[PDB]
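J.: One file: entry.txt (compact mmCIF, C-alpha atoms and all ligand atoms).
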```txt
# COMPACT_ATOMS: atom_id res chain seq x y z
CA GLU I 1 7.86 -13.14 9.43
CA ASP I 2 5.62 -10.81 7.34
CA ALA I 3 2.29 -12.14 5.94
CA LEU I 4 2.50 -12.37 2.13
CA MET I 5 -1.15 -11.50 1.58
CA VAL I 6 -3.78 -9.70 3.61
CA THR I 7 -7.42 -8.82 3.01
CA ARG I 8 -8.63 -5.23 3.36
CA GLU I 9 -12.00 -4.24 4.80
CA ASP I 10 -13.56 -3.92 1.30
CA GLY I 11 -12.33 -7.38 0.28
CA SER I 12 -9.39 -6.14 -1.87
CA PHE I 13 -5.97 -7.71 -1.26
CA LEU I 14 -2.63 -6.28 -0.32
CA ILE I 15 0.03 -8.67 -1.64
CA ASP I 16 3.84 -8.95 -1.30
CA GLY I 17 5.72 -8.64 -4.64
CA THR I 18 7.38 -12.02 -3.99
CA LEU I 19 4.13 -14.01 -4.15
CA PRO I 20 4.63 -16.71 -6.83
CA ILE I 21 2.30 -16.34 -9.88
CA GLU I 22 1.07 -19.94 -9.39
CA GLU I 23 -0.11 -19.05 -5.92
CA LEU I 24 -1.54 -15.74 -7.14
CA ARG I 25 -3.59 -17.60 -9.77
CA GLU I 26 -5.04 -19.84 -7.06
CA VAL I 27 -5.98 -16.99 -4.68
CA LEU I 28 -7.64 -14.88 -7.38
CA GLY I 29 -9.24 -17.87 -9.12
CA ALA I 30 -7.51 -16.60 -12.29
CA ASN I 31 7.63 -17.08 -18.61
CA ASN I 32 10.14 -14.31 -17.96
CA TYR I 33 8.57 -14.13 -14.50
CA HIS I 34 7.40 -16.35 -11.68
CA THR I 35 6.37 -13.76 -9.08
CA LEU I 36 3.94 -10.84 -8.86
CA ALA I 37 6.76 -8.24 -8.83
CA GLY I 38 8.33 -10.01 -11.84
CA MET I 39 5.04 -9.79 -13.70
CA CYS I 40 4.89 -6.05 -13.00
CA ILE I 41 8.42 -5.42 -14.32
CA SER I 42 7.60 -7.50 -17.39
CA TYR I 43 4.45 -5.45 -18.06
CA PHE I 44 5.94 -1.96 -17.56
CA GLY I 45 9.40 -2.77 -18.96
CA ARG I 46 10.80 -0.57 -16.16
CA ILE I 47 10.40 -0.15 -12.40
CA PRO I 48 6.89 1.37 -12.10
CA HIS I 49 6.00 4.39 -9.94
CA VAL I 50 3.75 3.83 -6.92
CA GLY I 51 0.17 4.38 -8.10
CA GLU I 52 0.68 2.90 -11.58
CA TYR I 53 -1.57 -0.07 -12.39
CA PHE I 54 -2.61 -2.55 -15.04
CA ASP I 55 -5.40 -5.09 -15.49
CA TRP I 56 -4.80 -8.83 -15.64
CA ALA I 57 -7.29 -11.71 -15.60
CA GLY I 58 -10.26 -9.52 -14.47
CA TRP I 59 -8.22 -7.84 -11.65
CA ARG I 60 -6.52 -4.48 -11.29
CA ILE I 61 -2.97 -4.62 -9.93
CA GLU I 62 -1.68 -1.35 -8.47
CA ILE I 63 1.83 -0.65 -7.17
CA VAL I 64 1.46 0.63 -3.60
CA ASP I 65 4.99 0.41 -2.17
CA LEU I 66 8.54 0.34 -3.47
CA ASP I 67 11.66 -0.23 -1.42
CA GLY I 68 14.27 1.24 -3.70
CA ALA I 69 14.02 -0.92 -6.82
CA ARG I 70 11.92 -3.64 -5.12
CA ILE I 71 8.19 -3.72 -5.89
CA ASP I 72 7.32 -4.43 -2.32
CA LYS I 73 3.50 -4.26 -2.05
CA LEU I 74 0.65 -4.41 -4.56
CA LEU I 75 -3.07 -3.77 -4.23
CA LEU I 76 -5.32 -6.26 -6.10
CA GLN I 77 -8.97 -5.27 -6.72
CA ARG I 78 -11.49 -7.26 -8.71
CA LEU I 79 -12.68 -5.34 -11.78
CA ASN I 80 -16.06 -4.04 -10.75
CA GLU E 1 15.75 8.02 -3.27
CA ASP E 2 12.10 6.97 -2.72
CA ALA E 3 9.32 9.62 -2.91
CA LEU E 4 7.79 10.14 0.56
CA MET E 5 4.29 10.82 -0.76
CA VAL E 6 2.46 9.98 -3.95
CA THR E 7 -1.05 10.66 -5.22
CA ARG E 8 -3.25 7.81 -6.45
CA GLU E 9 -5.63 8.06 -9.40
CA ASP E 10 -8.63 8.73 -7.09
CA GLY E 11 -6.79 11.52 -5.26
CA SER E 12 -5.94 9.46 -2.13
CA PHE E 13 -2.33 9.51 -0.91
CA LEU E 14 0.20 6.81 -0.31
CA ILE E 15 2.63 8.09 2.34
CA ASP E 16 5.92 6.83 3.85
CA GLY E 17 5.72 6.16 7.62
CA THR E 18 8.67 8.54 8.17
CA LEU E 19 6.78 11.65 6.99
CA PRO E 20 6.98 14.19 9.86
CA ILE E 21 3.56 15.07 11.41
CA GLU E 22 4.21 18.79 10.76
CA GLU E 23 4.54 18.08 7.08
CA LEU E 24 1.56 15.73 7.14
CA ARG E 25 -0.58 18.51 8.68
CA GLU E 26 0.41 20.84 5.86
CA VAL E 27 -0.33 18.36 3.03
CA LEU E 28 -3.73 17.35 4.42
CA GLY E 29 -4.65 20.88 5.50
CA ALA E 30 -5.26 19.37 8.96
CA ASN E 31 3.99 14.56 21.64
CA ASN E 32 5.21 10.98 21.97
CA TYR E 33 5.52 11.08 18.18
CA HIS E 34 6.77 13.28 15.37
CA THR E 35 6.15 11.05 12.35
CA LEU E 36 3.19 9.30 10.72
CA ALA E 37 4.44 5.81 11.75
CA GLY E 38 4.97 7.13 15.30
CA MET E 39 1.40 8.39 15.38
CA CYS E 40 0.15 4.96 14.31
CA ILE E 41 2.10 3.14 17.06
CA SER E 42 0.81 5.68 19.58
CA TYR E 43 -2.80 5.09 18.49
CA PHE E 44 -2.74 1.27 18.39
CA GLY E 45 -0.33 0.80 21.32
CA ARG E 46 1.24 -2.04 19.30
CA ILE E 47 2.52 -2.65 15.76
CA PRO E 48 -0.72 -2.71 13.71
CA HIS E 49 -1.59 -5.34 11.08
CA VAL E 50 -1.75 -4.27 7.44
CA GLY E 51 -5.35 -3.25 6.74
CA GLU E 52 -6.00 -1.75 10.19
CA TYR E 53 -7.02 1.93 10.15
CA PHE E 54 -8.12 4.88 12.24
CA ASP E 55 -9.56 8.33 11.59
CA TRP E 56 -7.70 11.54 12.38
CA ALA E 57 -8.53 15.14 11.47
CA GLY E 58 -11.21 14.17 8.87
CA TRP E 59 -8.93 11.55 7.18
CA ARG E 60 -8.71 7.78 7.32
CA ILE E 61 -5.20 6.39 7.80
CA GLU E 62 -4.77 2.75 6.79
CA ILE E 63 -1.65 0.61 7.22
CA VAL E 64 -0.77 -0.78 3.78
CA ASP E 65 2.79 -2.10 4.19
CA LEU E 66 5.02 -3.28 7.00
CA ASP E 67 8.68 -4.17 6.72
CA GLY E 68 9.12 -6.31 9.80
CA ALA E 69 8.29 -3.91 12.64
CA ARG E 70 8.49 -0.78 10.44
CA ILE E 71 5.19 0.82 9.38
CA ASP E 72 6.45 1.45 5.91
CA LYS E 73 3.47 2.75 3.86
CA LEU E 74 0.10 4.24 4.76
CA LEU E 75 -2.95 5.07 2.65
CA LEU E 76 -4.64 8.42 3.50
CA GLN E 77 -8.22 8.99 2.24
CA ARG E 78 -10.37 12.00 3.01
CA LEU E 79 -13.50 11.01 4.96
CA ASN E 80 -16.21 11.03 2.33
CA CA W 101 8.83 1.66 0.92
CA CA W 102 6.80 -5.05 3.15
CA CA W 103 8.00 -1.91 2.53
```
Can you dump the structure from the file as structure tokens?
T.:
Amino acid sequence: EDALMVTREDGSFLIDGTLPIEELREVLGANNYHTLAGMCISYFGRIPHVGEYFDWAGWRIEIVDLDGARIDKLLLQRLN
Amino acid sequence: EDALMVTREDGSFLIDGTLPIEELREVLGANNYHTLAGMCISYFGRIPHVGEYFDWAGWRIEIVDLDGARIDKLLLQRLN
């Protein structure tokens, strides 16, 4: 089944909302949530629009796909 | 229901694979397919991996989310 994380040409990451935060911490070298999508909902306090973003642990996390209410895909880019 | 197209902060577009090609042509100012996902499958001749891309009509089209076999979200960026 679908890869949970993939690397783009520029080194940024496209990541499934279900990735556990523990695993996210490990792969970036960087509660009321235990997954990436959960962390997003916690931060925005609502279901974010695609294209909204926030910064966390020296990374920018941008919503890139929703499936209905599900935060399905995020883009992670290291802050410059 | 879900927006078919959204604009990112840098002006690039995140677009649903179901967007018809006619409508895509209009929004970019730019068969065996009539949708964006269809055009992708036609180009690759297989279901592409997330992060694969091609150039078409002065734009780069990058796969950014799959749902199983469905090409669910694409990133469109104007070639520099
Ligand atoms: Ca979607
Ligand atoms: Ca997906
Ligand atoms: Ca999806």
J.: May I have the residues within 6 Å of ligand CA 102 (chain W), computed using all atoms listed in the file, as a PDB file with C-alpha atoms, in the coordinates of the input?
T.:
```
ATOM      1  CA  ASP I  72       7.320  -4.430  -2.320  1.00  0.00           C
TER       2      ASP I  72
ATOM      3  CA  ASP E  65       2.790  -2.100   4.190  1.00  0.00           C
ATOM      4  CA  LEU E  66       5.020  -3.280   7.000  1.00  0.00           C
ATOM      5  CA  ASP E  67       8.680  -4.170   6.720  1.00  0.00           C
TER       6      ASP E  67
END
```
J.: For chain E against chain I, which residues fall within 8 Å using only C-alpha atoms, given as a list in words?
T.: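 Per the criterion, chain E yields residues 1, 2, 6, 7, 8, 9, 14, 50, 51, 64, 65, 66, 67, 68 and 73 of chain E.
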J.: Output C-alpha atoms of each residue in that selection to a file, as a compact mmCIF listing (two decimals), keeping the file's coordinate frame.
T.:
```txt
# COMPACT_ATOMS: atom_id res chain seq x y z
CA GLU E 1 15.75 8.02 -3.27
CA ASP E 2 12.10 6.97 -2.72
CA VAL E 6 2.46 9.98 -3.95
CA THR E 7 -1.05 10.66 -5.22
CA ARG E 8 -3.25 7.81 -6.45
CA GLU E 9 -5.63 8.06 -9.40
CA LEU E 14 0.20 6.81 -0.31
CA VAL E 50 -1.75 -4.27 7.44
CA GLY E 51 -5.35 -3.25 6.74
CA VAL E 64 -0.77 -0.78 3.78
CA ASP E 65 2.79 -2.10 4.19
CA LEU E 66 5.02 -3.28 7.00
CA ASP E 67 8.68 -4.17 6.72
CA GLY E 68 9.12 -6.31 9.80
CA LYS E 73 3.47 2.75 3.86
```
J.: I'd like to know which of E:58, E:11, E:45, E:17 is closest to ligand CA 101 (chain W), using all atoms listed in the file.
T.: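 That would be E:17, the residue with the smallest distance to ligand CA 101 (chain W).
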J.: Measuring between only C-alpha atoms, which one of I:61, I:36, I:71, I:30 shows the shortest distance to residue I:48?
T.: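 With only C-alpha atoms as the atom set, the closest residue is I:71.
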J.: Which residue, E:60, E:54, E:38, E:70, has the smallest gap to ligand CA 101 (chain W) when you use all atoms listed in the file?
T.: E:70
J.: Atom CA of residue I:19 and atom CA of residue I:35 are how many Å apart?
T.: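 Computed distance, atom CA of residue I:19 to atom CA of residue I:35, equals 5.4 Å.
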J.: Between atom CA of residue I:40 and atom CA of residue I:24, measure the distance and give it in Å to one decimal.
T.: 13.0 Å
J.: Tell me, in Å to one decimal, how far atom CA of residue E:34 is from atom CA of residue E:22.
T.: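 Interatomic distance, atom CA of residue E:34 to atom CA of residue E:22: 7.6 Å.
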J.: Find the residue from E:59, E:37, E:42, E:78 that sits nearest to residue E:18; use only C-alpha atoms when measuring.
T.: E:37
J.: Since the input is missing atoms for stretch 6-32 of chain E, could you rebuild it with N, CA, C and O atoms and give the result as an mmCIF file, in the frame of the given file?
T.:
```cif
data_model
loop_
_atom_site.group_PDB
_atom_site.id
_atom_site.type_symbol
_atom_site.label_atom_id
_atom_site.label_comp_id
_atom_site.auth_asym_id
_atom_site.auth_seq_id
_atom_site.Cartn_x
_atom_site.Cartn_y
_atom_site.Cartn_z
ATOM 1 N N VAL E 6 2.912 10.009 -2.577
ATOM 2 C CA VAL E 6 2.460 9.980 -3.950
ATOM 3 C C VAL E 6 0.939 9.995 -3.989
ATOM 4 O O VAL E 6 0.297 9.542 -3.052
ATOM 5 N N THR E 7 0.388 10.539 -5.068
ATOM 6 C CA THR E 7 -1.050 10.660 -5.220
ATOM 7 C C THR E 7 -1.543 9.516 -6.094
ATOM 8 O O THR E 7 -1.014 9.313 -7.190
ATOM 9 N N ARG E 8 -2.564 8.811 -5.639
ATOM 10 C CA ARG E 8 -3.250 7.810 -6.450
ATOM 11 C C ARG E 8 -4.250 8.411 -7.421
ATOM 12 O O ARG E 8 -4.634 9.598 -7.314
ATOM 13 N N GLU E 9 -4.694 7.597 -8.386
ATOM 14 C CA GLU E 9 -5.630 8.060 -9.400
ATOM 15 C C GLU E 9 -6.888 8.725 -8.807
ATOM 16 O O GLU E 9 -7.381 9.685 -9.365
ATOM 17 N N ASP E 10 -7.379 8.206 -7.677
ATOM 18 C CA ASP E 10 -8.630 8.730 -7.090
ATOM 19 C C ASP E 10 -8.387 9.922 -6.153
ATOM 20 O O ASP E 10 -9.322 10.418 -5.501
ATOM 21 N N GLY E 11 -7.126 10.343 -6.048
ATOM 22 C CA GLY E 11 -6.790 11.520 -5.260
ATOM 23 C C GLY E 11 -6.311 11.169 -3.854
ATOM 24 O O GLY E 11 -5.836 12.062 -3.140
ATOM 25 N N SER E 12 -6.452 9.906 -3.443
ATOM 26 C CA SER E 12 -5.940 9.460 -2.130
ATOM 27 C C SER E 12 -4.408 9.467 -2.158
ATOM 28 O O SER E 12 -3.809 9.606 -3.221
ATOM 29 N N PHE E 13 -3.776 9.359 -0.980
ATOM 30 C CA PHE E 13 -2.330 9.510 -0.910
ATOM 31 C C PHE E 13 -1.737 8.259 -0.342
ATOM 32 O O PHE E 13 -2.245 7.711 0.649
ATOM 33 N N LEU E 14 -0.626 7.841 -0.912
ATOM 34 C CA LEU E 14 0.200 6.810 -0.310
ATOM 35 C C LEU E 14 1.444 7.490 0.272
ATOM 36 O O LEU E 14 2.186 8.208 -0.442
ATOM 37 N N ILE E 15 1.657 7.277 1.579
ATOM 38 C CA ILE E 15 2.630 8.090 2.340
ATOM 39 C C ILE E 15 3.595 7.213 3.142
ATOM 40 O O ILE E 15 3.192 6.234 3.761
ATOM 41 N N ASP E 16 4.875 7.562 3.098
ATOM 42 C CA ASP E 16 5.920 6.830 3.850
ATOM 43 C C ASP E 16 5.697 7.051 5.357
ATOM 44 O O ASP E 16 5.319 8.161 5.785
ATOM 45 N N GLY E 17 5.868 6.000 6.170
ATOM 46 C CA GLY E 17 5.720 6.160 7.620
ATOM 47 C C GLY E 17 6.628 7.215 8.242
ATOM 48 O O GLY E 17 6.328 7.731 9.316
ATOM 49 N N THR E 18 7.750 7.545 7.597
ATOM 50 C CA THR E 18 8.670 8.540 8.170
ATOM 51 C C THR E 18 8.260 10.005 7.958
ATOM 52 O O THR E 18 8.961 10.925 8.426
ATOM 53 N N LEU E 19 7.146 10.255 7.276
ATOM 54 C CA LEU E 19 6.780 11.650 6.990
ATOM 55 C C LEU E 19 6.558 12.382 8.334
ATOM 56 O O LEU E 19 5.786 11.891 9.159
ATOM 57 N N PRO E 20 7.224 13.527 8.562
ATOM 58 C CA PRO E 20 6.980 14.190 9.860
ATOM 59 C C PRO E 20 5.521 14.667 9.964
ATOM 60 O O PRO E 20 4.933 15.045 8.952
ATOM 61 N N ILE E 21 4.956 14.653 11.177
ATOM 62 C CA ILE E 21 3.560 15.070 11.410
ATOM 63 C C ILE E 21 3.327 16.539 10.987
ATOM 64 O O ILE E 21 2.257 16.886 10.487
ATOM 65 N N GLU E 22 4.332 17.388 11.163
ATOM 66 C CA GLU E 22 4.210 18.790 10.760
ATOM 67 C C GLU E 22 3.930 18.881 9.282
ATOM 68 O O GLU E 22 3.075 19.656 8.840
ATOM 69 N N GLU E 23 4.673 18.087 8.521
ATOM 70 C CA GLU E 23 4.540 18.080 7.080
ATOM 71 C C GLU E 23 3.234 17.427 6.666
ATOM 72 O O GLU E 23 2.589 17.862 5.723
ATOM 73 N N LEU E 24 2.842 16.379 7.380
ATOM 74 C CA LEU E 24 1.560 15.730 7.140
ATOM 75 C C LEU E 24 0.404 16.735 7.345
ATOM 76 O O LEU E 24 -0.523 16.797 6.525
ATOM 77 N N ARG E 25 0.476 17.545 8.405
ATOM 78 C CA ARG E 25 -0.580 18.510 8.680
ATOM 79 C C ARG E 25 -0.724 19.455 7.503
ATOM 80 O O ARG E 25 -1.842 19.828 7.145
ATOM 81 N N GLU E 26 0.410 19.863 6.947
ATOM 82 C CA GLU E 26 0.410 20.840 5.860
ATOM 83 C C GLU E 26 -0.230 20.230 4.615
ATOM 84 O O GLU E 26 -1.085 20.858 3.988
ATOM 85 N N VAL E 27 0.143 18.997 4.277
ATOM 86 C CA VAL E 27 -0.330 18.360 3.030
ATOM 87 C C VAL E 27 -1.784 17.855 3.069
ATOM 88 O O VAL E 27 -2.401 17.629 2.022
ATOM 89 N N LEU E 28 -2.322 17.672 4.266
ATOM 90 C CA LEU E 28 -3.730 17.350 4.420
ATOM 91 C C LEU E 28 -4.587 18.576 4.688
ATOM 92 O O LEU E 28 -5.815 18.481 4.651
ATOM 93 N N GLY E 29 -3.948 19.710 4.984
ATOM 94 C CA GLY E 29 -4.650 20.880 5.500
ATOM 95 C C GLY E 29 -5.339 20.591 6.823
ATOM 96 O O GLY E 29 -6.437 21.079 7.069
ATOM 97 N N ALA E 30 -4.684 19.808 7.681
ATOM 98 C CA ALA E 30 -5.260 19.370 8.960
ATOM 99 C C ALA E 30 -4.613 20.064 10.144
ATOM 100 O O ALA E 30 -4.540 21.289 10.181
ATOM 101 N N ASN E 31 4.718 15.772 21.262
ATOM 102 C CA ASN E 31 3.990 14.560 21.640
ATOM 103 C C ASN E 31 4.898 13.390 22.070
ATOM 104 O O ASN E 31 6.014 13.590 22.586
ATOM 105 N N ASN E 32 4.381 12.178 21.911
ATOM 106 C CA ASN E 32 5.210 10.980 21.970
ATOM 107 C C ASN E 32 5.517 10.508 20.550
ATOM 108 O O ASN E 32 6.011 9.383 20.349
#
```
